[PDB]
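The next block holds one structure in the form of C-alpha cells; read it before the comments.
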Amino acid sequence: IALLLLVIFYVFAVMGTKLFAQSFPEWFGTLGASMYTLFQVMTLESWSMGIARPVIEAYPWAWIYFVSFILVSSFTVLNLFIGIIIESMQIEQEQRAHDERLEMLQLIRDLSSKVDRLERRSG
Amino acid sequence: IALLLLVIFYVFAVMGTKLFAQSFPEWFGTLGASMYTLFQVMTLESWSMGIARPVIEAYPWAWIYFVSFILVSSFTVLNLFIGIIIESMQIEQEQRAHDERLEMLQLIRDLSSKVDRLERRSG
Amino acid sequence: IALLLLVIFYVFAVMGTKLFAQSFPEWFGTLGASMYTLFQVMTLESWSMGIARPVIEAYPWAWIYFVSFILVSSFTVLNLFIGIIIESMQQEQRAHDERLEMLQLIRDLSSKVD
Amino acid sequence: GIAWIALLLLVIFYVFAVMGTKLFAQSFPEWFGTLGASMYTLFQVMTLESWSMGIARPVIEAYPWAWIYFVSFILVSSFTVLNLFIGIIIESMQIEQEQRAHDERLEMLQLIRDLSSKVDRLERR
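Protein chains in written order, with our numbering: chain W, 170 to 292; chain F, 170 to 292; chain V, 186 to 299; chain R, 152 to 276.
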C-alpha cells in the first residue's frame, strides 16, 4: 500500500510535471512543486479554488488527472486506514496446546511399554 | 451505497445545474462544473468561502441544498467507510483436538485392560 | 450523541451569536450565520483563514471558543463514528467432559493397589 | 497503553511549536511569533485547511527550510491521529476461555507422574 501509494504520488508528480511545467510552473515546474502540490491536493485544502479550477482555465485535460489522483489517493488512504484496523485485531497461544498434548500421550506410550515391561515379566 | 451515492452525486448535479445556470455558470452551468463542484463541496475545501456564502448572497434557496447535500454525503461517506470495516473482520483446527483426546483415552482403556489383564498375570 | 451534539451545535451558536453580533455580523449576527458558521467551522474549511484568525484580530476571547467547539465537535464526531462501529457487530464445554474423566479413569487405575 | 499516544502527540505538537516559533518569529510573527500563534498554527496545519495556500507556500517564498518541517509535522501528526483513531477502535471491542485449559492440562500430566511413580513404586515385586 505504502509501496503502491508512492507509485501514485510519484507517477502523478511525473504526469503533471511533464505537462504543466510550460504554463503552470508556480505549481508544476518540477518536484519543488509537484511533490508538494500533489500532497497539497491529496490534502483537500484550497486545491480546487487555488489549483484545479485555475488549471482548467488553460487545460481541460487535467479535468480527470486531478480528480482521478484524488479518487485514487482517497481509495488508497482508506486502504491504509483500514489496513491497520484489520492487522491488529482478532497463531499465538494455540500452538502451545499441542506441545502439551503431543507428549500427554507420548508419556503414556512409554508407561504402556512399562506395564507391558511387567506384562512381559511373568514369562 | 456506491449505487446510492451516485444517486445523490447525480441528483444534486441536476438540482444545482437547473437552478444556478442562469446566475452562477462559473460553478453551475452544466456538468463541466456541477460534477466537479459537488465533488469540490463534498471535499470540504473552500466550499463555503469559495461557493456557498457567495451563492447565498443571491439565492437563500441554496441554504439547505448545499448543507443537505453535504450532510447526506457525509452520512453516505461514513456508511461506505464503515461498510468495509465490518465486511472484512469478524470450526478451524478444533476438529484436531478431539482426534487427540478420543485416543488419549482409548490408549488408557487398553492399558487398564492391561493392568486388569497382567495384574491377574500376577502371583 | 445526536441529542448531545445538538447541544454543542446549539450552545455555541448562542455563545458566538450573543458575542460577535456587534462586531462580526457577517459571520455572527444571528442564526442566519451562526448555524451555518458553526457548521462551516465544524467543517474544517477556510475556518481559520476565513474566520478565526480575523475574529481574533479584534477579540482574543474567541481563542478557545473556536478551538474548544472544534475539539469538542471532533470528540463527538468520533463518538458517533465509533457509535455505529460497535452497534452493528452482531468445543467450549465438550473439552471438560473428556478431560474430567481423562483423569477419573486414571484415579481408578492408580487405585489398582496391593 | 491505550491513551499513551496523547503523551506522544503533545511532544510533536509541543516540539514543532518550539521549532517554528524559534525560526519564523523574526519574519513570520503573524503565524509564528510565540504560542499565541504557534499552538494555534500547528493546530490549524494539523487541521488541513488553508494550511498551504494560507501558510506553507507563503512561508516557503522566504524560507525553503520549512519545506519538510510543515510536511513532516503533518505526516507525523496524520500517523499519530490515525493511531489515536484506531487506538479506540481496538480498545473497546470487549474473556475466560483459555487460561482454564492449562489449569486442567498441567495436572492431567501431574496426576500421571504420580501414577507412573505408583507403577514404578510397586515394581519392587
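Every residue gets a Cβ at the ideal spot worked out from N, C-alpha and C, and that includes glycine.
Is the Cβ of residue i closer than 8 Å to any Cβ of chain R?
i: residue 110 of chain W; result: Since the first residue shown for chain W is 170 and the last is 292, residue 110 of chain W is missing from the structure and cannot be characterised.
i: residue 269 of chain V; result: no
i: residue 219 of chain V; result: no
i: residue 208 of chain V; result: no
Is it buried or exposed, residue i, if we count other Cβ atoms within 10 angstroms and call 16 or more buried?
i: residue 192 of chain V; result: exposed
i: residue 280 of chain W; result: buried
i: residue 182 of chain R; result: buried
i: residue 185 of chain F; result: buried
i: residue 182 of chain W; result: buried
i: residue 282 of chain W; result: exposed
i: residue 284 of chain F; result: buried
i: residue 153 of chain R; result: exposed
With a threshold of 8 Å between beta-carbons, can residue i be considered close to chain W, or not?
i: residue 197 of chain R; result: no
i: residue 284 of chain F; result: yes
i: residue 278 of chain F; result: no
i: residue 252 of chain R; result: yes
i: residue 210 of chain R; result: no
i: residue 159 of chain R; result: no
i: residue 243 of chain R; result: no
Any beta-carbon of chain F closer than 8 Å to the one on residue i?
i: residue 180 of chain W; result: no
i: residue 195 of chain W; result: no
i: residue 214 of chain W; result: yes
i: residue 259 of chain V; result: no
Can a CB atom of chain V be found closer than 8 Å to the CB of residue i?
i: residue 220 of chain F; result: no
i: residue 273 of chain R; result: yes
i: residue 223 of chain R; result: no
Using the C-alpha atoms, what's the distance from residue j back to residue i?
i: residue 263 of chain V; j: residue 201 of chain R; result: 23 Å
i: residue 206 of chain W; j: residue 268 of chain W; result: 57 Å
i: residue 261 of chain W; j: residue 209 of chain W; result: 42 Å
i: residue 244 of chain W; j: residue 287 of chain V; result: 55 Å
i: residue 286 of chain F; j: residue 252 of chain R; result: 33 Å
i: residue 219 of chain V; j: residue 235 of chain R; result: 30 Å
i: residue 288 of chain F; j: residue 277 of chain V; result: 38 Å
i: residue 215 of chain R; j: residue 192 of chain W; result: 23 Å
i: residue 179 of chain F; j: residue 187 of chain V; result: 28 Å
i: residue 212 of chain W; j: residue 199 of chain R; result: 6 Å
i: residue 226 of chain R; j: residue 219 of chain R; result: 10 Å
i: residue 292 of chain F; j: residue 256 of chain R; result: 36 Å
i: residue 199 of chain W; j: residue 210 of chain V; result: 44 Å
i: residue 238 of chain F; j: residue 188 of chain F; result: 15 Å
i: residue 231 of chain F; j: residue 190 of chain F; result: 13 Å
i: residue 226 of chain F; j: residue 234 of chain V; result: 20 Å
i: residue 228 of chain R; j: residue 160 of chain R; result: 7 Å
i: residue 261 of chain R; j: residue 276 of chain R; result: 25 Å
Q: State whether the stretch 216-227 of chain W contacts the stretch 249-261 of chain W, with contact taken as three or more CB pairs (one from each stretch) at a distance under 8 Å.
A: Because the criterion of three Cβ pairs below 8 Å is not met, the stretch 216-227 of chain W and the stretch 249-261 of chain W do not touch.
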